[PDB]
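Residue numbers (the UniProt record's numbering), protein chains in the order written: chain A, 192 to 247; chain B, 25 to 398, 405 to 420; chain C, 25 to 191.
This is how it looks when you write it as structure tokens:
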């Protein structure tokens, strides 16, 4: 993910749409909290019916 | 000689008690084997301190070991200075030069005030736990008006454990009223990692911020969680793991049984556990020198009641206080030399910075040999300050 | 009833001991006359505190009176909260709400932080004796960052009595 998110910061995407299960979402959500790039400016979209089932 | 010593320990400090027993394995010589009167009692209640104290005072022990609270700082410095029994601790030093008080924690505010002058700050936030006293707060405020600094000093120990998540959002957003990119944290490694996770809660650990941890346990924190967060973390770790004397201890420490000795099998170690093992080296070298000087101190329970009015003690412990201060040994915390008051001297504090590759030394600080930088082969984060000739 | 009470007093506080006896003249009713176990001892040494304490604890007294040092703040709040004997003092209050601790000094930092807002200050010098604790220093610093104040806080109790003119 540090290989992936720093490649995402080559284009610096403030617009991320995640399409995973609520375990695999919260894996990637914690990787965003790992790199710490969940500050204002970014926008995130979870693409399952379990929006409240994540780590809100 | 079965030398009766003290065995006070706060409850939950069993890793320090584990390294206490490692010193009881390594430093129990054939000349004498030490006899600990183990009192795993509380530390905040001085009633719990006094009953463990006056029981060992009824034993006639010669060197009491443990910690002390900021409540029990004036219990230990009052009775031990009066009842002529030396006390050894890894806790924070006392401002008053009290007799019979030996203490394993070297003074950090000399390197700390020198560190802020290195980073050349003028206004910074200073969150602090008041449980180790406010003498470090008195140090940064006396240098605030001296070097024209604007300290944002807010206590954090007043926050109860019930709601210590919304109070930080009240606190950090008030810290973002002035937007402090310069935060110095003065807490224990549990209370540091509480506040560190509150920084990760608000997410303001990005580049631009700077953080300073103000204890000797810099590697004892949560380094991996904000190793790649973006901000710059700079601290002090006295346990130099690069030393072979430290590493061969870890080769004995990390191979211990974790079930038998709790918190031992991990390769990392608390500095309080390291200062505990260093204290046994000083205590053994003392009674080896009492065996060399042949000052026979054979005391039964003649001290006895600590409520004797007046309680006049046996005066041979004054030389035992002196012979502790005459011990100059090495160890896990470098050279261990004492003054005439029990404060550690001729030490060297290693300035440690958390980087992308992890913790990294940039310099060392001794008490009179001040902050001299240590070599800076910047292989990781390869920027190397491009020389522009003209 | 000859009610045994405490009689701890720091040495040199005899004017307070004088008004203590005026209360022993005025407020000694016919129902009961109080019995002070007078201990005019030191206040900095907790050993001197404990022997005067545990003697009256051997008496079985009901209300111990005196002062306390910032050294003996954690001697009184530890034993009296444990040994279930109430203590009365005119000394400065404790930050921790300890049991069996009664104290005659009302909190001044509420009027003090309100007074600086009345004079509308922004930068001031704050010399202080640390012997009454640093809770008043904690009050003015928590209102320093609150009201954007620049406190010049320098301790003065560290100055010894030998050279307290050139310092």
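A virtual CB, placed ideally from N, CA and C, is assigned to each residue, including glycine.
Same chain only: Cβ atoms within 8 Å of residue i, ignoring 5 sequence neighbours per side
{"i": "residue 380 of chain B", "result": "251, 252, 410 and 411"}
{"i": "residue 96 of chain C", "result": "67, 68, 70 and 73"}
{"i": "residue 341 of chain B", "result": "86, 108, 109, 110, 124 and 321"}
{"i": "residue 119 of chain C", "result": "157 and 159"}
{"i": "residue 48 of chain C", "result": "58 and 60"}
{"i": "residue 468 of chain B", "result": "Nothing in the structure corresponds to residue 468 of chain B, since chain B is present only between 25 and 420."}
{"i": "residue 377 of chain B", "result": "256, 257, 258, 259, 383, 384, 385 and 386"}
Where residue i meets chain B, residues with beta-carbon distance less than 9 Å
{"i": "residue 193 of chain A", "result": "252"}
Cβ of residue i within 8 Å of any chain B Cβ
{"i": "residue 71 of chain C", "result": "yes"}
{"i": "residue 121 of chain C", "result": "no"}
{"i": "residue 144 of chain C", "result": "no"}
{"i": "residue 115 of chain C", "result": "no"}
{"i": "residue 138 of chain C", "result": "no"}
{"i": "residue 185 of chain C", "result": "no"}
{"i": "residue 64 of chain C", "result": "no"}
{"i": "residue 169 of chain C", "result": "yes"}
{"i": "residue 59 of chain C", "result": "no"}
{"i": "residue 99 of chain C", "result": "yes"}
Close Cβ partners of residue i (< 7 Å) along its chain, the five nearest in sequence each way excluded
{"i": "residue 181 of chain B", "result": "153, 154 and 155"}
{"i": "residue 127 of chain C", "result": "113, 115 and 117"}
{"i": "residue 102 of chain B", "result": "none"}
{"i": "residue 41 of chain B", "result": "33"}
{"i": "residue 365 of chain B", "result": "121"}
{"i": "residue 264 of chain B", "result": "270 and 374"}
{"i": "residue 244 of chain A", "result": "213"}
{"i": "residue 343 of chain B", "result": "319"}
Residues that residue i contacts on chain B, provided the C-beta gap is smaller than 7 Å
{"i": "residue 227 of chain A", "result": "227, 229, 230, 253 and 254"}
{"i": "residue 75 of chain C", "result": "331 and 333"}
{"i": "residue 195 of chain C", "result": "Given that chain C is displayed from residue 25 to residue 191, the structure contains no residue 195 of chain C and the question cannot be resolved."}
Where residue i meets chain B, residues with beta-carbon distance less than 8 Å
{"i": "residue 224 of chain A", "result": "224 and 227"}
Within chain C, the residues that residue i reaches when beta carbons sit closer than 9 Å
{"i": "residue 158 of chain B", "result": "154, 158, 161 and 162"}
Close beta carbons around residue i, own chain, < 6 Å, minus the five adjacent residues each side
{"i": "residue 328 of chain B", "result": "82"}
{"i": "residue 63 of chain B", "result": "31, 32 and 76"}
{"i": "residue 287 of chain B", "result": "39"}
{"i": "residue 147 of chain B", "result": "174"}
{"i": "residue 52 of chain B", "result": "none"}
{"i": "residue 324 of chain B", "result": "84"}
{"i": "residue 310 of chain B", "result": "347, 348 and 351"}
{"i": "residue 100 of chain B", "result": "92 and 111"}
Chain C residues whose Cβ lies nearer than 8 Å to that of residue i
{"i": "residue 166 of chain B", "result": "178 and 179"}
{"i": "residue 374 of chain B", "result": "Within 8 Å Cβ-Cβ: nothing; residue 374 of chain B doesn't reach chain C, min ~30 Å."}
{"i": "residue 106 of chain B", "result": "69 and 71"}
Any chain C beta carbon closer than 8 Å to residue i
{"i": "residue 118 of chain B", "result": "no"}
{"i": "residue 25 of chain B", "result": "no"}
{"i": "residue 127 of chain B", "result": "no"}
{"i": "residue 326 of chain B", "result": "no"}
{"i": "residue 365 of chain B", "result": "no"}
{"i": "residue 313 of chain B", "result": "no"}
Closer than 7 Å at the beta carbon, the chain C residues around residue i
{"i": "residue 102 of chain B", "result": "69, 70, 71 and 95"}
Presumed contact (8 Å Cβ cut-off) between residue i and residue j, rounded CB distance
{"i": "residue 30 of chain B", "j": "residue 90 of chain B", "result": "7 Å"}
{"i": "residue 230 of chain B", "j": "residue 230 of chain A", "result": "7 Å"}
{"i": "residue 98 of chain B", "j": "residue 98 of chain C", "result": "6 Å"}
{"i": "residue 136 of chain B", "j": "residue 238 of chain B", "result": "6 Å"}
{"i": "residue 196 of chain B", "j": "residue 236 of chain B", "result": "So it is not a contact: roughly 16 Å between Cβ atoms."}
{"i": "residue 141 of chain B", "j": "residue 315 of chain B", "result": "Not quite, the Cβ-Cβ distance comes to about 47 Å (not below 8 Å), so this is no contact."}
{"i": "residue 176 of chain B", "j": "residue 150 of chain B", "result": "6 Å"}
Next on the checklist: Please give me, in chain order, every unbroken run of the alpha helix (DSSP H) with length at least 4 that falls completely inside the segment 58 to 142 of chain C.
Outcome noted: 70 to 83 and 97 to 107
Checklist entry - What beta strand (DSSP E) runs, 3 residues minimum, are completely inside the segment 253 to 286 of chain B? => result 256 to 260
Item to check | Within the segment 213 to 245 of chain B, ranges of the beta strand (DSSP E) (whole runs, at least 3 residues) | outcome: 234 to 237
Checklist entry - Which runs of the beta strand (DSSP E), 3 residues or longer, sit entirely within the segment 166 to 193 of chain B? => result Counting whole runs of 3 or more residues, the segment 166 to 193 of chain B contains the beta strand (DSSP E) stretches 174 to 179.
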